[PDB]
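*Asks:* First, the structure itself, so that you have it in front of you.
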Amino acid sequence: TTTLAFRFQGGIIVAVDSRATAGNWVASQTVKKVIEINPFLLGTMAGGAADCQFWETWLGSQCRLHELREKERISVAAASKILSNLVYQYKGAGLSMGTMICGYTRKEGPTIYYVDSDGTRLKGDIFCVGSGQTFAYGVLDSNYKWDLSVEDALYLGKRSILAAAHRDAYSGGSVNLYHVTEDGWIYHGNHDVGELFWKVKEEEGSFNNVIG
Amino acid sequence: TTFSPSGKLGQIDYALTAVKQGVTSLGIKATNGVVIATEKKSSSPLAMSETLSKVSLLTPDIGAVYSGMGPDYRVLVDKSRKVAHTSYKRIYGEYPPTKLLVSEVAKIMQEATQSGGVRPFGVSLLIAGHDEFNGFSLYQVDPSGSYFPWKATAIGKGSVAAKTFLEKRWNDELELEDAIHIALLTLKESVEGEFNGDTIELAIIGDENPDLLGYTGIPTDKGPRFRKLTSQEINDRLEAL
Amino acid sequence: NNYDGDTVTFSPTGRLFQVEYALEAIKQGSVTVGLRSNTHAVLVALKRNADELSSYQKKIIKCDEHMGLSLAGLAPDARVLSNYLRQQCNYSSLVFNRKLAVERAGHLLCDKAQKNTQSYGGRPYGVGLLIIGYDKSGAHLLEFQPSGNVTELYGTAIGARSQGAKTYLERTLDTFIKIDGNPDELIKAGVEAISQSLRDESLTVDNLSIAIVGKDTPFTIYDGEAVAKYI
Amino acid sequence: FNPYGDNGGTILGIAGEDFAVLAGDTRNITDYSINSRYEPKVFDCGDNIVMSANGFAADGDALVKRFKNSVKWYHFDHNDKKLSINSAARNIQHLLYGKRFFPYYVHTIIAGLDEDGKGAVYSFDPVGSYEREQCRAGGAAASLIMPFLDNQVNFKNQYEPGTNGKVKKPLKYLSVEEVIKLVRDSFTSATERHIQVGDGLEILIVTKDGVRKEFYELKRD
Amino acid sequence: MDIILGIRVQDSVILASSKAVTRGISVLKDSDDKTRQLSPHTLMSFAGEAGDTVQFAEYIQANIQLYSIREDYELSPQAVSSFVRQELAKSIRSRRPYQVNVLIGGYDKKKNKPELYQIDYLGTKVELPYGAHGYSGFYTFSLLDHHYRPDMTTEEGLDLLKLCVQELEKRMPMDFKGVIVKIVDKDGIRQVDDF
Amino acid sequence: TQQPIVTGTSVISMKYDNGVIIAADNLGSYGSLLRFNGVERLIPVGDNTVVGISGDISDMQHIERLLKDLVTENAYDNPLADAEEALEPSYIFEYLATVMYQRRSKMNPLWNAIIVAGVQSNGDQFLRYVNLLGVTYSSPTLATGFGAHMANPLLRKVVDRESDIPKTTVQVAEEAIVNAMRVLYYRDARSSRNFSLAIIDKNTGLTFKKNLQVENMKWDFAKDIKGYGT
Amino acid sequence: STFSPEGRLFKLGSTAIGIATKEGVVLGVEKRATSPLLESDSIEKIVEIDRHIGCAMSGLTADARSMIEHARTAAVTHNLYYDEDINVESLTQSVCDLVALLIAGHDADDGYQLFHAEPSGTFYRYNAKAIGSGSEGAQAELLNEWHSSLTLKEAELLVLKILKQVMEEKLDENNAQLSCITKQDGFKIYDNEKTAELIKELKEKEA
Amino acid sequence: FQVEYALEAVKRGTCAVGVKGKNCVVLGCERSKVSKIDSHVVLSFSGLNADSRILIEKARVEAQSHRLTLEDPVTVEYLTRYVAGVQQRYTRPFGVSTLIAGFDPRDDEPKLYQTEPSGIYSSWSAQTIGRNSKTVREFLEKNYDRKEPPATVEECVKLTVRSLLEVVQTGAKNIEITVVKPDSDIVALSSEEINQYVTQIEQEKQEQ
Amino acid sequence: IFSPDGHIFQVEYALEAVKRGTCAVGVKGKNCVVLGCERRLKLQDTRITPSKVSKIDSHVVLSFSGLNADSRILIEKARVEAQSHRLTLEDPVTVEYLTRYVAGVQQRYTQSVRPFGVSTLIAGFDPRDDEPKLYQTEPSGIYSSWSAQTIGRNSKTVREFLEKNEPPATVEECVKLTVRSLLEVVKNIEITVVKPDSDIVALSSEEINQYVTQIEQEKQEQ
């Protein structure tokens, strides 16, 4: 799996692949690796599909109880803290989770919290998660800028996931992109790697070692 | 058990009345020992009064006597033994001193005075004992859990007359045998019925009794200081009386 | 009197006042009629509305395709008893693949209701139920009361003014038990019986509720437009 | 004490416009011994839904019984109303994840028509994790069955001739009969090359007209 | 792996902790602060397993703040360190031990003395003039033994800390991405921009 | 139970045109020691049901007690219990399967394999298998232990599919069962010469032929074998 | 916990009114701030149970608030377990399975519903209902005015007229409050401006 | 009538007064009842101070537990809700009414609330609880204006002291004042400060 | 359960029981805190009878009035808590902290069984400070600081005497004020001198006699 999320002047760009695998057998190529907690909060699942999907769906219900009780949205810090505490209380029980809690709040701005099985919770501007995280980092750290335009940030996320999909066996499928804006999150669609790769090779001229 | 508008605990006074209805029991401290005495009534001439002893051992250094409801005394006594072993000797390797065991027994009786669903115990105890640090001791423990040390005291239906007699007889230089003499006289003056070694019973917290230790060859262990006076031992003193 | 206020106290005459007042609780409720033939069992209920602007209470509870019941008295106690009956039938199905026999269900409800009439702190169920079902032994109809008594019956009526309905059922007993091969006449006899218990009111498409179960009929409840053909 | 086994079954859900198909072999296995030739593992679940819990047979039975209980209780509470495919998917997810640390080793598939009338197939892992899919094989011969279904149902790696690999073949709908033919051929191949498949093929068809069951013979050797 | 160092100076306690956060093959962050302000004049730095460090740090901080709120005065650094030790030692025999080593540097406003306590994950409290946890002590202790004095001012302490940190950079294989240095003294807690 | 100590080896059964036939040997083996030869592993539970059990003998006796308790508790407040609302084979099997699966889930399994054979009140034959893991299935022929490998092919040669059941008479099925017993006696080291056979017929009810002997053994060819190689 | 010999087990609050229509359900509550210092915006006599269910109450006493929390938990857990919003009647049953209440909301099973808990805890579905001391006078007007073709626009003025008729003080956007649930918008509370313009519409009707 | 008797017990507690300004919220009490629950929020009570201890400790523990479960500190709304919830759960019940005031995390709007033995709580711009709460509340209604609110800390403290001095015998020794300000800038007015303001108002009261 | 009009029955009756108990007196000095009790019988064992003043820790003592049986429970609760505080924190309990705990334990029995019929004065010094401390408690579970205060059956009288009788300067004046309060209200008096550094001492009968004879000579003078 490859997932990345980076803050920039226009908000947050969240990109993830689609492939899910069980050994060598590729189980599916259309796994939705973003759980949509609320119109302003976005989970990014990696590792174990069952654990992430179930516990972030439950986090959605906790968020709903939060608005109903307090009439204001759960902060990104609060949701990430709930998830971190929950995952921590099952440490050693076998949970397999890597989660970036991306959201936007009036009193927080754009914010990303990295959460994983071992209980860690990190606030940060750039995160890559999954088996392909290093390949995504190689591109993000070499191309990331705070003042990227929205189109350039979307393309950077798409390209960073494409690199990991190319180089990592467990990170193929298709690229799903989300843009967490001041007024919510925008789903910028699904891009199949089998076409994105050739489009990017032609336009950039990169992947010069790949025959074609 | 709750406070009455006058500030008194309501049902405790009834337990004290039950104690006042009990048979006379005595305690006297000599400089070198302690005597506890009491008359034992009988339900019928056929009953073997020798089966029941109103005086009972709590620890080899501590003994107890009572006036009031006998079954309550019996259950309180085996509770007292259980606490004296489990709570103190199991930890410190030694028997609790008279003060500590008296405190634990008072706690046992006070729990009933401060808990619902149970009535207070209907017995007042005189717990005689000895310590290496506090020395000889004699404590009266009331149904309320209030306990106070006494030089000499009496409880039961003969309480007031026996107390006024002890106040005359007691002095700071009594030896244990003088205390036994005074106890015999005081309890004889209070027994309305027959008075002999089988109706009266005595126990003493005195010097060590290695003859009762039951084994030999350990110089450090000393043996019980509590011992009951047999019917023949009491008859000897009443004859010499 | 001083023996009325507790369920665990016999009166000097040996009566359990706290249970007889539970029976009065059913006597407060509206009438519901039940009757059976050898092949079909039918329930008929006169529902109540709190106000002209208010909908009527559902007096028929469907357990499943082979069993169901109706209510008279405190509805929440009916909820509790019906969900317990559901639990028992569901447990039987899971653990044995066995349709819980209607007599077994009746006696299970009897046993559960008896407990409240013996232990302190519990309140007798202020609701009586008519239970119908069809199983391997044919159609059944049961009468349940707060005291725990459960009775198997050809027909009966519980609730306010149910005595007239019971009198009509007793009069026509030899007739409706003969009804064979068709449910229409049985439902007609049921609605005729319930009509005996109406004062200053009449059966209407909104008051009446009808249910039936039988050999060819999984438990179905007719109401609204469906019951128009019987009123 | 090993509390798990593998009874060697295969199931296959395919969805399209107007219909959903859930097919699975009837062979039952323990090691290299055939337990029974005809043990259905695809079930008509009522409410126009079809369910299968292929994998370890005992856990399949247990999970199916639990889901029957849950759907019946849903009928008890919500006035006998029809249960939707997504509601069933969430119910099964909660059933499966309720035993996270002692999982049901069964790969569950439910197929049916969604609230919009379009075919839907939901597939679960032993822990939960349901994904709605256009087609999804499962069980022993999933790896044999599924690539061919990709090639035929979705025309992956197929391009219009003469376009030199630039124009993909469009994904026109398969009719129900064509899906039956594909399922039969795929299960024939799985039977022929997989030792755990070949006794009998049972197919349940879901459409607005209701569930429809068809049975086909396999090699049985 | 983490670096956490502490030096007790005549007037102040100087705590330094590594900025890197490593998870598996990749460094996730290079600016992490491995410290929590237990009280206005008490500061704690922690090292150990990923979730355990922060979870224990926040649990301890919440408990210390609750105690301070309840009693309406700041707990002495000795009391804070004893509470932390009791929580750590109480955990190793529980189902979920905290694999967390902590250095508590505080200024005792009542004794008017800086105090540094080293507490390992087993619950071994010891008051030290200079402390280090894990392998970070294997390089720094000899240098600290050589150059340390009781009477240093905070600036000589920072120079000594520079020596220790650059020794760690030289000889130690891991890249800990520098340290973040905080001084605890009479005036409270502050951070040094570039010691 | 974590390990079987004393065990009964195998049970076989098949359904014929009018009912089910089931058989099992009477030997419980303590390891390789053929210790107890009088064990009965066919458990009648009515005129329409018989339960065959394999595996641990103590767990078999526990299961027999469970079946006795089922029969006892079914009759409570059940005036019809002797002719309808009586315990069908399906109810017995479902209760046993639930118990077995629950024990499995608690990691305290009954080390038994159980074949519940009988006829439903509607006359349909009932024949299902359940083992310690809770795995259940039905087939025209069922077998346990070495029967699943040795005997089951022989029975399947008679009734290979559901279409063959009405073609199979009582005598054909009984001959098949007896031949399967003879083969299992030949080749199963845990088996015994003595076995019990029960026939449930939709018309004539339960027949229970106990302590049958394996007969027509073939050994006279053994005199010509002269050891390994030469 | 004890029956009387008649078979029964052994009103002063502020008024709340509600109307149900083919187009939506409208709820209204008397605010009656006890002092000008009291934050009128902090008087939440109407609360959301779920995105399509709201509850109007005579008074948000803590016993009511615990029931609100239980109902909210029931709705949220129903969504979690079934991936579907709780039906109104199912929610009322769950709360009953747990003060005068007007549980009202919308669903695709029975459309627009309003529920009132009778003193014995048995919920009744209503076309129009009022509670509190004003119910005694309100009920006759509700019986008079409701008709099957009642529009939401007319229902708002109906509830406002009931409030005007029963309230102790001249209606304004602060002393009384409205809320409605609609299939498209869900449960929403009329802001002070909308309440104000509706009050002016009521005055224009009076004029 | 148990809660009614609890309210009667409240009627015998010392009076407490709260006032909210544009940038300040000030609590006053007759002769510290105003006690800090978290760095940014305080609680004041009137009634059985014996029963108030359990409520205060539960509130403090809940505030810290919330800060531990969620990264964010408690809001005044949340703390008021918890106080009401606990105060219900014992319905002998606590014979205490309370005020809760402070600021939300990274907030700028002062909050003030009141809570009752019934468990009822509501937001107030100014409120009183205790024995003479009726007179002080009547006095406040004619001296506070929603459409002309206090602008500065000085105005808030002046209004609180003036309200308390309506019934208080001798202010310098019989009243106490605490000032709550954004970002945990809470402060308690010292003797010389309170005496300064008290004398400032005294110079005017004598004139009329 | 509350009484109508806001009273609490059992606490009022526990206060009555306290009022009928024997007295306990306290005086706090500039440099020490002195607690005094009147012992208020000819056969009662004086040598071993416990003094009413009890240690709760090395630096703090407790004195009580009312039911003697309940005083033991209260004292053991306080001692256990004082040692538990040192188990959790190094620093010993402050006097304020200990009085707060005893108030809480008294209160908890009123809402939970009967209240303790005990009221207490608490004195001591903080673990490393030197200011005198004196505090009071009653069955309701409320506490306050004091300069000199008394509890028990003579309180209605001796309390005004102590109000009549600028804190005293030196321990001689402290013990003098205590004994003069005991004697002026009408030598059998316990006097316990509490001093920083955990020096807690009870004055002997002969020391009491010296002070008492000096004060009676002063009383003769007038």
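Each chain in the structure tokens gets a letter, A, B, ..., in the order shown, and its residues are numbered from 1; ligands are numbered from 1 in order too.
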Taking 3 positions as the minimum chain separation for residues in the same chain, which residues sit within 7 Å of residue 187 of chain I when counting only C-alpha atoms? Answer as a ChimeraX atom specification.
*Replies:* /I:208-209,212
*Asks:* Hey, list the chain E side of the contact with chain A: 10 Å cut-off, only C-alpha atoms, answer as a PDB file with N, CA and C atoms, in the first residue's frame.
*Replies:*
ATOM      1  N   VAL E  21      12.371  11.224  14.696  1.00  0.00           N
ATOM      2  CA  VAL E  21      11.417  10.156  14.978  1.00  0.00           C
ATOM      3  C   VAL E  21      11.526   9.142  13.851  1.00  0.00           C
ATOM      4  N   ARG E  23      10.634   5.308  12.298  1.00  0.00           N
ATOM      5  CA  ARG E  23       9.710   4.175  12.319  1.00  0.00           C
ATOM      6  C   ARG E  23      10.088   3.213  11.201  1.00  0.00           C
ATOM      7  N   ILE E  25      12.087   1.702   8.468  1.00  0.00           N
ATOM      8  CA  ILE E  25      13.137   2.063   7.522  1.00  0.00           C
ATOM      9  C   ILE E  25      13.217   3.558   7.254  1.00  0.00           C
ATOM     10  N   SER E  26      12.244   4.342   7.719  1.00  0.00           N
ATOM     11  CA  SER E  26      12.132   5.745   7.343  1.00  0.00           C
ATOM     12  C   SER E  26      12.029   6.629   8.576  1.00  0.00           C
ATOM     13  N   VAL E  27      12.638   7.809   8.494  1.00  0.00           N
ATOM     14  CA  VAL E  27      12.460   8.843   9.507  1.00  0.00           C
ATOM     15  C   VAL E  27      11.190   9.616   9.175  1.00  0.00           C
ATOM     16  N   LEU E  28      10.226   9.603  10.097  1.00  0.00           N
ATOM     17  CA  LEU E  28       8.952  10.262   9.832  1.00  0.00           C
ATOM     18  C   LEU E  28       9.028  11.760  10.092  1.00  0.00           C
ATOM     19  N   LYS E  29       9.671  12.166  11.182  1.00  0.00           N
ATOM     20  CA  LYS E  29       9.759  13.572  11.543  1.00  0.00           C
ATOM     21  C   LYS E  29      11.174  13.881  12.008  1.00  0.00           C
ATOM     22  N   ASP E  30      11.577  15.143  11.832  1.00  0.00           N
ATOM     23  CA  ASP E  30      12.906  15.601  12.221  1.00  0.00           C
ATOM     24  C   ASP E  30      12.839  16.835  13.113  1.00  0.00           C
ATOM     25  N   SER E  31      11.701  17.065  13.768  1.00  0.00           N
ATOM     26  CA  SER E  31      11.579  18.194  14.683  1.00  0.00           C
ATOM     27  C   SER E  31      10.811  17.822  15.947  1.00  0.00           C
ATOM     28  N   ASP E  32      10.707  16.542  16.284  1.00  0.00           N
ATOM     29  CA  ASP E  32       9.898  16.112  17.417  1.00  0.00           C
ATOM     30  C   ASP E  32      10.494  16.599  18.730  1.00  0.00           C
ATOM     31  N   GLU E  49       9.632   3.122  23.733  1.00  0.00           N
ATOM     32  CA  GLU E  49       8.789   2.618  22.661  1.00  0.00           C
ATOM     33  C   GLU E  49       7.810   3.689  22.195  1.00  0.00           C
ATOM     34  N   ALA E  50       7.406   3.579  20.928  1.00  0.00           N
ATOM     35  CA  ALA E  50       6.767   4.701  20.246  1.00  0.00           C
ATOM     36  C   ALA E  50       5.522   5.181  20.988  1.00  0.00           C
ATOM     37  N   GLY E  51       4.495   4.337  21.070  1.00  0.00           N
ATOM     38  CA  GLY E  51       3.263   4.757  21.720  1.00  0.00           C
ATOM     39  C   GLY E  51       3.435   4.958  23.214  1.00  0.00           C
ATOM     40  N   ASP E  52       4.250   4.106  23.839  1.00  0.00           N
ATOM     41  CA  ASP E  52       4.399   4.138  25.290  1.00  0.00           C
ATOM     42  C   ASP E  52       4.949   5.474  25.760  1.00  0.00           C
ATOM     43  N   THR E  53       5.954   6.004  25.064  1.00  0.00           N
ATOM     44  CA  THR E  53       6.556   7.265  25.482  1.00  0.00           C
ATOM     45  C   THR E  53       5.494   8.343  25.656  1.00  0.00           C
ATOM     46  N   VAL E  54       4.766   8.655  24.583  1.00  0.00           N
ATOM     47  CA  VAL E  54       3.806   9.753  24.643  1.00  0.00           C
ATOM     48  C   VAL E  54       2.631   9.413  25.551  1.00  0.00           C
ATOM     49  N   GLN E  55       2.155   8.163  25.539  1.00  0.00           N
ATOM     50  CA  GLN E  55       1.015   7.828  26.386  1.00  0.00           C
ATOM     51  C   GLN E  55       1.362   7.987  27.861  1.00  0.00           C
ATOM     52  N   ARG E  96       0.716  -4.509  30.982  1.00  0.00           N
ATOM     53  CA  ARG E  96       1.181  -3.587  29.945  1.00  0.00           C
ATOM     54  C   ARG E  96       2.271  -2.689  30.514  1.00  0.00           C
TER      55      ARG E  96
END
*Asks:* Can you tell me which residues surround residue 154 of chain E at a distance of at most 10 Å, considering only C-alpha atoms, apart from same-chain residues fewer than 4 positions away, and format the answer as a PyMOL selection string?
*Replies:* chain E and resi 7-14+158-160+183-185
*Asks:* Residues as selected, C-alpha atoms, written as a CSV table (one decimal), in the first residue's frame, can you do that?
*Replies:*
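Final output, again_17.csv:
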chain,number,residue,atom,x,y,z
E,7,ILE,CA,23.1,18.3,33.2
E,8,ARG,CA,22.4,20.0,36.6
E,9,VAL,CA,24.1,23.4,36.7
E,10,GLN,CA,24.6,25.6,39.7
E,11,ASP,CA,21.5,27.5,38.8
E,12,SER,CA,19.6,25.5,36.1
E,13,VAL,CA,19.0,22.1,34.6
E,14,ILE,CA,19.8,21.7,31.0
E,158,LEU,CA,25.7,24.6,27.4
E,159,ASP,CA,29.3,24.4,26.2
E,160,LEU,CA,29.6,21.0,27.9
E,183,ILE,CA,16.8,25.2,30.4
E,184,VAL,CA,14.9,24.8,33.7
E,185,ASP,CA,15.8,27.5,36.3
*Asks:* Report the closest atom pair, with its distance in Å rounded to one decimal, for each residue of chain I that has an atom no farther than 7 Å from chain H; count only C-alpha atoms, sort by chain and then rising residue number, and write it as a tab-separated table.
*Replies:*
residue	atom	partner	partner_atom	distance
I:1	CA	H:92	CA	5.1
I:2	CA	H:5	CA	6.0
I:3	CA	H:5	CA	6.6
I:4	CA	H:5	CA	5.5
I:5	CA	H:8	CA	5.6
I:6	CA	H:9	CA	4.2
I:7	CA	H:9	CA	7.0
I:107	CA	H:50	CA	6.3
I:111	CA	H:92	CA	5.7
I:140	CA	H:50	CA	6.5
I:141	CA	H:50	CA	5.2
I:142	CA	H:50	CA	5.7
*Asks:* For residue 136 of chain E, please output as a PDB file with C-alpha atoms, in the first residue's frame all residues within 10 Å (counting only C-alpha atoms; exclusion window: fewer than 2 positions along the same chain).
*Replies:*
ATOM      1  CA  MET E   1      16.112   4.896  19.594  1.00  0.00           C
ATOM      2  CA  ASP E   2      16.363   8.231  21.412  1.00  0.00           C
ATOM      3  CA  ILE E   3      18.954  10.565  22.909  1.00  0.00           C
ATOM      4  CA  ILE E   4      17.988  12.317  26.139  1.00  0.00           C
ATOM      5  CA  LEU E   5      20.628  14.134  28.181  1.00  0.00           C
ATOM      6  CA  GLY E 131      22.186  11.951  33.352  1.00  0.00           C
ATOM      7  CA  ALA E 132      21.793  10.022  30.124  1.00  0.00           C
ATOM      8  CA  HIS E 133      19.621   7.093  29.077  1.00  0.00           C
ATOM      9  CA  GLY E 134      20.308   4.149  26.817  1.00  0.00           C
ATOM     10  CA  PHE E 138      28.039   5.247  26.924  1.00  0.00           C
ATOM     11  CA  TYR E 139      29.673   8.159  25.057  1.00  0.00           C
ATOM     12  CA  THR E 140      28.769  11.173  27.188  1.00  0.00           C
ATOM     13  CA  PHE E 141      29.476   9.961  30.730  1.00  0.00           C
ATOM     14  CA  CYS E 164      28.530  15.820  24.496  1.00  0.00           C
ATOM     15  CA  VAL E 165      26.199  16.239  21.518  1.00  0.00           C
ATOM     16  CA  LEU E 168      27.443  11.641  19.959  1.00  0.00           C
ATOM     17  CA  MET E 172      27.425   7.071  17.277  1.00  0.00           C
TER      18      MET E 172
END
*Asks:* Using only C-alpha atoms, what does the table of chain F residues within 9 Å of chain C look like, with each row giving the shortest atom pair and its distance in Å to one decimal, sorted by chain and ascending number, as CSV?
*Replies:*
residue,atom,partner,partner_atom,distance
F:77,CA,C:104,CA,7.5
F:78,CA,C:104,CA,7.8
F:80,CA,C:137,CA,8.5
F:84,CA,C:137,CA,7.3
F:85,CA,C:136,CA,7.2
F:90,CA,C:97,CA,7.4
F:91,CA,C:96,CA,4.8
F:92,CA,C:96,CA,7.3
F:93,CA,C:96,CA,8.0
F:94,CA,C:96,CA,5.1
F:95,CA,C:96,CA,5.3
F:96,CA,C:95,CA,8.9
F:97,CA,C:95,CA,8.7
F:98,CA,C:95,CA,6.2
F:99,CA,C:95,CA,8.7
*Asks:* Next, dump the selected residues to file, keeping only N, CA, C and O atoms, as an mmCIF file, in the first residue's frame.
*Replies:*
data_model
loop_
_atom_site.group_PDB
_atom_site.id
_atom_site.type_symbol
_atom_site.label_atom_id
_atom_site.label_comp_id
_atom_site.auth_asym_id
_atom_site.auth_seq_id
_atom_site.Cartn_x
_atom_site.Cartn_y
_atom_site.Cartn_z
ATOM 1 N N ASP F 77 -44.223 -31.928 30.022
ATOM 2 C CA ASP F 77 -45.338 -31.081 29.595
ATOM 3 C C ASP F 77 -45.605 -31.220 28.100
ATOM 4 O O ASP F 77 -45.970 -30.254 27.427
ATOM 5 N N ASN F 78 -45.421 -32.425 27.571
ATOM 6 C CA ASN F 78 -45.603 -32.699 26.147
ATOM 7 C C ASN F 78 -46.493 -33.924 26.012
ATOM 8 O O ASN F 78 -46.012 -35.050 25.841
ATOM 9 N N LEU F 80 -48.160 -35.078 23.669
ATOM 10 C CA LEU F 80 -48.068 -35.736 22.376
ATOM 11 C C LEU F 80 -46.693 -36.335 22.105
ATOM 12 O O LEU F 80 -46.469 -36.854 21.009
ATOM 13 N N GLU F 84 -46.209 -37.463 18.068
ATOM 14 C CA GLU F 84 -45.828 -36.298 17.285
ATOM 15 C C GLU F 84 -45.356 -35.219 18.248
ATOM 16 O O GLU F 84 -45.764 -35.187 19.410
ATOM 17 N N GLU F 85 -44.500 -34.331 17.747
ATOM 18 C CA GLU F 85 -43.627 -33.521 18.599
ATOM 19 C C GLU F 85 -42.640 -34.408 19.352
ATOM 20 O O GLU F 85 -42.093 -34.022 20.386
ATOM 21 N N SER F 90 -33.522 -34.848 12.917
ATOM 22 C CA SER F 90 -33.015 -33.505 12.664
ATOM 23 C C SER F 90 -32.778 -32.749 13.963
ATOM 24 O O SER F 90 -31.765 -32.060 14.109
ATOM 25 N N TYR F 91 -33.700 -32.863 14.920
ATOM 26 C CA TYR F 91 -33.527 -32.163 16.191
ATOM 27 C C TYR F 91 -32.328 -32.705 16.958
ATOM 28 O O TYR F 91 -31.529 -31.933 17.502
ATOM 29 N N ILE F 92 -32.187 -34.031 17.010
ATOM 30 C CA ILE F 92 -31.042 -34.633 17.686
ATOM 31 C C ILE F 92 -29.747 -34.145 17.055
ATOM 32 O O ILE F 92 -28.815 -33.722 17.750
ATOM 33 N N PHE F 93 -29.669 -34.200 15.723
ATOM 34 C CA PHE F 93 -28.444 -33.796 15.048
ATOM 35 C C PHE F 93 -28.152 -32.322 15.271
ATOM 36 O O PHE F 93 -26.999 -31.935 15.468
ATOM 37 N N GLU F 94 -29.178 -31.473 15.209
ATOM 38 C CA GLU F 94 -28.948 -30.046 15.387
ATOM 39 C C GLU F 94 -28.465 -29.735 16.795
ATOM 40 O O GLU F 94 -27.538 -28.937 16.966
ATOM 41 N N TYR F 95 -29.067 -30.356 17.812
ATOM 42 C CA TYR F 95 -28.590 -30.150 19.174
ATOM 43 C C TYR F 95 -27.151 -30.621 19.321
ATOM 44 O O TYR F 95 -26.311 -29.927 19.908
ATOM 45 N N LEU F 96 -26.844 -31.806 18.788
ATOM 46 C CA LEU F 96 -25.488 -32.328 18.903
ATOM 47 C C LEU F 96 -24.496 -31.420 18.191
ATOM 48 O O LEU F 96 -23.412 -31.147 18.707
ATOM 49 N N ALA F 97 -24.852 -30.940 17.000
ATOM 50 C CA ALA F 97 -23.952 -30.071 16.252
ATOM 51 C C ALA F 97 -23.725 -28.757 16.983
ATOM 52 O O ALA F 97 -22.598 -28.253 17.031
ATOM 53 N N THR F 98 -24.784 -28.183 17.558
ATOM 54 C CA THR F 98 -24.620 -26.958 18.330
ATOM 55 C C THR F 98 -23.681 -27.187 19.505
ATOM 56 O O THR F 98 -22.769 -26.388 19.754
ATOM 57 N N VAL F 99 -23.880 -28.288 20.233
ATOM 58 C CA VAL F 99 -23.032 -28.576 21.388
ATOM 59 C C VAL F 99 -21.585 -28.761 20.948
ATOM 60 O O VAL F 99 -20.653 -28.236 21.569
#
*Asks:* Could you produce a table of the residues of chain D lying within 8 Å of chain G, with the nearest pair of atoms per residue and their separation in Å rounded to one decimal, using only C-alpha atoms, ordered by chain and increasing residue number, as a Markdown table?
*Replies:*
| residue | atom | partner | partner_atom | distance |
| --- | --- | --- | --- | --- |
| D:77 | CA | G:90 | CA | 7.2 |
| D:78 | CA | G:90 | CA | 6.7 |
| D:86 | CA | G:83 | CA | 7.0 |
| D:87 | CA | G:82 | CA | 4.8 |
| D:88 | CA | G:82 | CA | 7.3 |
| D:90 | CA | G:82 | CA | 5.7 |
| D:91 | CA | G:82 | CA | 6.0 |
| D:94 | CA | G:81 | CA | 6.7 |
*Asks:* Suppose you want the space between atom CA of residue 2 of chain G and atom CA of residue 142 of chain C; what is it in Å?
*Replies:*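 Taking atom CA of residue 2 of chain G and atom CA of residue 142 of chain C, their separation equals 26.8 Å.
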